[PDB]
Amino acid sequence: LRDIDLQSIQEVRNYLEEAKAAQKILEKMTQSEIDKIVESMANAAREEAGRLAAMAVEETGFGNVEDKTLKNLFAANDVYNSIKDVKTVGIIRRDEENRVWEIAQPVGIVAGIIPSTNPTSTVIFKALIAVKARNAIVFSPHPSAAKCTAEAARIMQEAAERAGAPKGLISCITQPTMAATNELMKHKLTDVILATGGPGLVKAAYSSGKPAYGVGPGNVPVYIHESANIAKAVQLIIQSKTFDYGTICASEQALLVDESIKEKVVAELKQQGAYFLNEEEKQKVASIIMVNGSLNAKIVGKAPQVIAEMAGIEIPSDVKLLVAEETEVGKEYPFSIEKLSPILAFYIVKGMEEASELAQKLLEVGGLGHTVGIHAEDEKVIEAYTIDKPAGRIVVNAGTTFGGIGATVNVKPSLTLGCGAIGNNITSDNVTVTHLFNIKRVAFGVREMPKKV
């Protein structure tokens, strides 16, 4: 075979056949044996966190090395700790009085689609949950992130083998193509797809004929209520928003601010490193946010100074993020969409009801089912505001990046955030190890069936 599309198809087929053999071997191991493999994988991810981070920044041009290192550690530490004690081998629950017990059943071979924004960390995370549940996994990288994705996969497989795992358990397409992605998603041997990517790739996953856990995009609106701790709220928002220069789907995109505290919030934002664009600077930044009707890849995950330069504006070197005041919401209004960069929209609101109506509109521009935030000290207000928001993660008094993924609030640590039915997803959960094994129920007859009505 000479041509790269055919070669990539053959490569996927080889990987899946090898994965099938590897998973048969893995399924026979004890819980201790599995847990030892997962622990070794987590240890290698930890050791390799910085180096993988630097590969990703260099290859993709997104983000910064210190934050990608922390993203990798989040996968190596937080994800690992949330699954290390989960029972995944044999009988995992007995219910003596109902005369049922539950047996864990691996799904088999998982197809992992990896994003360009979180390439190495998503590999670490998916490799850990897949292998803990006793599956093999075959990865498909984004073409912009092919080399670092593959290196992360190799490190996981080699760490797994050192602890006794079989060859071919963890693999990665080396030459990404549409043909190979299509083969991986539709192949006979593929059992479950974990599709972490854009809406089109997720749509393909749910068109594949295979069971799939997809995600949806975010466009996270955050309400700062007049009861907020303003300095703390601003601190949390800025740390979350500028993390890896805004590459995570759960990051803040718009602030909705009660008019009674707007002056204080602005001053606090400015003090903590935000640059407020004037009407002319806003137009110039706006004109590079979108090209040809969608987000400009060239601003994704870029420092505020790089964005400033691209837009032809002039800012201080210590600026942490750009902010623009906004009144409108929609695709024709670039500051109201998901920006995946250190840029925030700033909407003034009269109170909670106007905030909710704006939040609903912003979610409808490419954020349904994903994440919202609120900063407030009034529980009544928090309860009334949050109850009807279409998001699987409703983050209170925390940065939405770190809350969404379960770093700083107690949802399951994950880099695959299901957006529920409203987001065209099978679940609203943070996807984790329990999504990658089936439960079999052994159940005894305890009632008699009548055969007369």
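Residue numbers here begin at 1 and follow the sequence given.
Of the two segments examined, 75-83 and 173-181, it is 173-181 that shows the higher average Cα temperature factor in the deposited entry. Set 101-109 against 309-317 and average the Cα temperature factors; 309-317 ends up higher.
Of the candidates 157, 272, 120, 208, the deposited coordinates give 272 the top C-alpha B factor. In this entry, the residue among 197, 373, 369, 141 with the greatest C-alpha B factor is 197.
Sorting the modelled residues of the chain by their CA temperature factor places residue 59 in the lowest third.
When the CA B factors of the chain's modelled residues are split into thirds, the value for residue 278 lands in the middle one. Among the modelled residues of its chain, residue 299 has a C-alpha B-factor that falls in the highest third according to the deposited record. Per-chain ranking of the deposited C-alpha B factor places residue 287 in the highest third.
The deposited CA B-factor of residue 392 belongs to the middle third of values across its chain.
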